[PDB]
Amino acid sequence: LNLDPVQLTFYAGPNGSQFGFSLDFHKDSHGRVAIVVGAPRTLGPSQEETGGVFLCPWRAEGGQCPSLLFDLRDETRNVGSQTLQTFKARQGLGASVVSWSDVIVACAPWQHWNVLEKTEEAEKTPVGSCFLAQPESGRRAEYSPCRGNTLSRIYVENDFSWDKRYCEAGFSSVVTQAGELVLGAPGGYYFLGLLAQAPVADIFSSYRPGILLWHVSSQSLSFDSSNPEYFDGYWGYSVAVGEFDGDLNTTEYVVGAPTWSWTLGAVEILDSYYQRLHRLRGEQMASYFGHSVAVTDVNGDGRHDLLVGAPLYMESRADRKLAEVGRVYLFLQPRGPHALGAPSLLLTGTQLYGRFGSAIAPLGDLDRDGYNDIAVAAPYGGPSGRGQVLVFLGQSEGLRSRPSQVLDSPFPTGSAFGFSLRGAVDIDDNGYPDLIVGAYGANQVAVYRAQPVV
């Protein structure tokens, strides 16, 4: 409602670097807010795409940003009569970024990995890897829970059980308030998908450069399954956390599986031990139900509510015809120990192929009325197809069915304006939470400052 669409702020990266593919706010030890931006096709040293991360100080004018430097060199270790190998070419560093406390977690989901033992090998597969940084001190660390040293022949003998070679860990990322990093790995267990959790402090303390294969004892990975409903489900495409069981000491996980049960799509709510509490099934096949999940209390009862995006949902129209427009589902958490019922509200896009619901950002309380609000993105929507971000305000009965404000893309055609969103942080310190929007197609980020309600 009260986002200023006139005086925007634009940050920009190098051409073709996909600057803005992912973003987040970052507060330093002094509470100063900055913006961390991933650019998963930033050129490395060998003039080859490796990705990169930028840490942008807040300026009303915007501009260029300094790089948050990471080691982009391929690594090799000859240990235990074996040869360990990491390959950082086309790894997509910055395909997801997330900040917690004074720590930045940037992930390269397509970093490849292989192990050689004489004439056998583990196969060069994308296990993924995340890089951690404390910008004020200069500390660095890595976390790659799917790296293994099992040779290819063994996987075939054991029939590919517990095969973590294609995890692509870091595809999606989130950090609990207690500091436990939760990584989505949609390719784990032969494209079933897995989740990896470990404390941030233990990642830093148990990491040494050049080891390549090391243990994090406090880590916890999800479990393989023989149920075909999970086959090629990409369980872990999107991840989020919240409180859904009434006990405030436990933290619950929300996992998107957009091709679960033969492309039906599903979202599951689990405890910290990966035991399933609820499962929201998709409505329409190939809609990619679970492409994006968001957690925030919208109706102001203190109980977190769940939002699910299905950006390929095809709406029914006249003459038995279907129009791919996208849809968002709202689930309000009931009072006490009860199951999440049918959706409380259906928000459906308008522009054909607009992919409404591709990104959902909790905004906090934008208009300061007492109810939290959200932003939904249609990266190819709007009358021109340049992209749209729609703001929906919270109310006592859930959300308003019509938007309160619509942000049209200030970038040319094909910028994917809205593909990545982040809100609920006051960056200019005026008392109102603000919204950053990524447009990786144009290699830019736009900052919308919230203003007093007109």
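One rule holds for the numbers: they count along the sequence shown, beginning at 1.
- Of the two segments examined, 145 to 153 and 355 to 363, it is 145 to 153 that shows the higher average Cα temperature factor in the deposited entry.
- Look at the C-alpha B-factors of 271 to 279 and of 374 to 382. On average they run higher in 271 to 279.
- Of the candidates 263, 238, 316, 348, the one whose C-alpha carries the top B factor in the deposited record is 316.
- Highest CA B-factor among the listed residues (292, 287, 172, 249): 249.
- When the modelled residues of the chain are ordered by their C-alpha B factor, residue 327 lands in the lowest third.
- Split the chain's modelled residues into thirds by C-alpha temperature factor. Residue 234 is in the lowest one.
- In the PDB entry, a CA B factor belonging to the lowest third of its chain's modelled residues is recorded for residue 423.
- Per the PDB record, residue ranking by Cα B-factor puts residue 178 in the highest third of the chain.
- Among all modelled residues in this chain, the alpha-carbon of residue 55 has a temperature factor (C-alpha) in the middle third.
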